[PDB]
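What follows is one structure encoded as structure tokens, with my remarks underneath.
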Amino acid sequence: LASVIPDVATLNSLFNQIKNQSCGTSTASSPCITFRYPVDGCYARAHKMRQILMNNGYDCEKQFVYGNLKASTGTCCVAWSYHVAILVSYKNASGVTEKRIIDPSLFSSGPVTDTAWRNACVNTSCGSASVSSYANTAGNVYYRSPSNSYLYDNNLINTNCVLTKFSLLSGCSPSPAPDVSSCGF
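In structure tokens:
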């Protein structure tokens with residue numbers, strides 16, 4: 136694998152694939168990632184995106200940020216007290232290991248600096264927003280807790296389930312996400 140990218144060229148690719156998973160595509164897995172239903176599902180997909188990364192041959196990381204995370208879709212706004220994305224490492228134009236975000240939950244056009252990412256999360260476009268704190272973790276780490284606890288869903292029982300739940304779900308509603316207790320890694 137590769138925990139670092141040689142050039143953005145590859146980075147854009149990693150995303151190009153993860154994007155191919157976008158719900159609605161004919162090349163998207165199942166359950167695909169519900170991107171058309173931005174509400175809570177942030178980590179779920181993440182775990183997925185990772186699987187897509189492995190395909191290309193690159194290991195990404197996770198990043199959980201806390202605080203007021205607002206956003207605007209033009210049709211509805213969203214607010215999360217904590218977001219989660221995938222911390223990707225790609226060589227800059229100088230050959231330096233930088234960080235990037237491959238979360239289309241904010242930037243579907245392309246990746247963005249872990250910083251700009253958080254911003255998109257704290258998008259005041261809706262109103263108040265700010266990042267209380269942030270941290271990174273292993274890519275495999277399905278979900279992270281504020282207690283310094285990491286999870287791992289190799290069967291994506293909590294992920295694929297989370298999606299399957301919001302399979303028909305679309306838009307910022309229902310928000311927040313419903314009950315997914317039926318799941319269980």
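Numbering (the entry's author numbering), first residue to last: 136 to 320.
Each residue gets a CB set at the ideal place from its N, CA and C atoms; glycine is no exception.
In the DSSP assignment, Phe301 falls outside any beta strand (DSSP E) and carries neither an H nor an E.
A residue is called buried once 16 or more other Cβ atoms fall within 10 Å of its Cβ, and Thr248, having fewer, is exposed. Spanning the alpha carbons of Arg235 and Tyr225 requires a straight line of approximately 7 Å. Taking a cut-off of 8 Å on C-beta distances, the region 277 to 292 does not touch the region 240 to 260, as fewer than three cross pairs fall below it. If you compare the alpha carbons of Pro141, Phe170 and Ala255 with that of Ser229, the shortest gap goes to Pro141. Ranked by Cα distance from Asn151, the options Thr169, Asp238 and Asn275 are led by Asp238.
Along the length of the region 166 to 215, whole alpha helix (DSSP H) runs at least 4 residues long occupy 178 to 191, reported in chain order. Looking only at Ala144, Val200, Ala181 and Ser284, the smallest Cα-Cα distance to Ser265 is reached by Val200. Note on geometry: alpha-carbon atoms of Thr169 and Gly159 lie some 9 Å from one another. Pairing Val219 with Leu146 gives a Cβ-Cβ distance that is not under 8 Å. As computed with DSSP, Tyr269 is found in a beta bridge with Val200. Here the region 299 to 306 does not lie against the region 273 to 290, with fewer than 3 beta-carbon pairs under 8 Å apart. Counting only runs of at least 4 residues, the region 220 to 279 fully encloses the following alpha helix (DSSP H) elements, listed from N- to C-terminal order: 249 to 256.
In summary, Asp288 is buried, with 16 or more beta-carbon neighbours lying within 10 Å of its beta-carbon over all protein chains present.
Judged by DSSP in its simplified three-state form, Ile153 adopts helix.
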